[PDB]
Structures are given as C-alpha cells and as structure tokens.
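None of the figures in this text is laboratory data; all of them are computed from the coordinates on show. Methodologically, a virtual Cβ is constructed for each residue, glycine included, from the backbone with ideal geometry; neighbour enumeration extends over all protein chains shown.
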Amino acid sequence: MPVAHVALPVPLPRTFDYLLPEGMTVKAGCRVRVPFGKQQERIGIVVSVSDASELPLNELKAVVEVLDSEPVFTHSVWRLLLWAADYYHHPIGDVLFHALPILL
Amino acid sequence: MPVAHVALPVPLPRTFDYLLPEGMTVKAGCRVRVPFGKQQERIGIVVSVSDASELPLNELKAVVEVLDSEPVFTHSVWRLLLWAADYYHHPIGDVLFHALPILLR
C-alpha cells in the first residue's frame, strides 16, 4: 500500500502547535479549543507556551478560545501527572486527559 | 505569546505517517530508515500499512529504505508487543525499541 504508519522512539512531550490570539492570555494547565486538521474544533490542554515553533509562524494553525483563565490542574497535581507520565512511560496527553475527569 | 504547545487526545498508538515510493514495499514488523527533522535520518518500525493518512499522500515524506526483508520480531512476540502497548498505555515506539535489544540479545 501507500502509507506506512511508523513508530519512532520519539521525545517525551509530543504536542501540537497553535498561535495564541492577541489579548488572549493563557498558561499551562488550561483547556483550549483548537482546530483539528481538515475540519473544525476540538478541546485540548496547554502544556507549554513558548515563542518558537517548528514551522513558520505564518502557516501555523491558530487558536480559538480559552476555556480556563486558571489552570484546572494545580502546581501539585501538574508536577505529579507529568512525573507519572515520564516515570511510568505514558503519553502526557493520555495521562492529562484521563486524569481530568477523576479530578472533577 | 506566539506558540502555545497543546496536548490533544490521540488515537491509541500515535504513529508517524510516511509515503512508500512506487516499487517500495514493507510489512508490519519491519524496520525502515525515515526522514526526521528538516534534514535528518532515523530508524523506525512499521506498525501497519494502509491506503490512507490524515494528510494527502503528496505531503508525506517518503521512507528512505527498508532494513528488513522479513519482520525482526517473532509473530507471537510481535502481537504481544502491540497488545501491551495498547493495554498498559505505553508509546508503541518506546515498547518496540526497548524490547528489541532484550529479545534479540
């Protein structure tokens, strides 16, 4: 066939990049709505807020709305969840999203 | 301000899509050399091959080379590796490349 789905020994934090809007300030631990490929919206969690992107800041999928002004995860829980994903080898995303429910 | 690195719920094993040039063929369990970074090389393992990808075929980087005529892992071992990665929520690449040295050695 044409497409090979390959497994790589990829880094630890495999996330996606989205341009933060003007006057729209958000920090890590807060849920946000971002477009997902050829399509419409889908919720996600901000892990980092850098000022550099792997791709041009021109052809970079922008953001939409900030569902939280204050991180749903505490510095405490956050330190703990990121530690669990690293120590026990679980994707950050999976640990974060599967933890949110139990938290609430 | 610019980029906000976001984590999104993703399909079971998060894999990387590559294009297989005309004439090139591979089967699950086989290692391949693939581009990584604007100009680097890296070793990966084919988990599965289908006729579709999130992005259009022409946007996929091509596999550079296949390193295995046949699977490097045993059939059973292979099915168990994919199973454990899904069941215990471990990155498939993490599992596959850590077990390789254990199993072959």
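Working note: Cα atoms of chain B, range along each principal axis, descending, whole Å: 47, 36, 25. The order of B:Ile43, A:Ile92, going from fewest to most other C-beta atoms within 10 Å of their C-beta, is B:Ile43, A:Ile92.
When only the Cβ of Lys, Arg, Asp and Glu is charged (+1, +1, -1, -1), the dipole of segment A:16-104 relative to its Cα centre reaches about 220 debye.
Computed over chain A with a Gaussian network model linking Cα atoms closer than 10 Å, the most mobile of A:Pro56, A:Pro91, A:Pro21 is A:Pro56. Applied to segment B:25-34, the Karplus parametrisation 6.51 cos²θ - 1.76 cosθ + 1.60 on θ = phi - 60° returns per-residue 3J(HN,Hα) values of 9, 7, 10, 3, x, 9, 7, 9, 9, 9 Hz, with x for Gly and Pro. Using the Kirkwood radius built from alpha carbon pairs, what does the Stokes-Einstein equation give as D for the protein assembly as shown at 25 °C and 0.890 mPa s, in µm² per second? Result for D is 131 µm²/s.
Mean separation of Cα pairs under 8 Å and 6 or more residues apart, divided by the residue count, gives segment A:16-104 a relative contact order of 32 percent. The mean number of Cβ atoms from other chains found within 10 Å of a Cβ in peptide A:67-80 is 0, as a whole number.
Take each residue in A:91-98, count the other chain C-beta atoms within 10 Å of its C-beta, and the mean is 4. Sites listed here are GluC sites (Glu not before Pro) in segment A:1-80 whose DSSP assignment is loop and whose Cβ has at most 11 other Cβ atoms within 10 Å: A:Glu22, A:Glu41, A:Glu54, A:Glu59. In the elastic network of chain B, a GNM with C-alpha springs shorter than 10 Å, the most mobile of B:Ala52, B:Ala28, B:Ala62 is B:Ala52.
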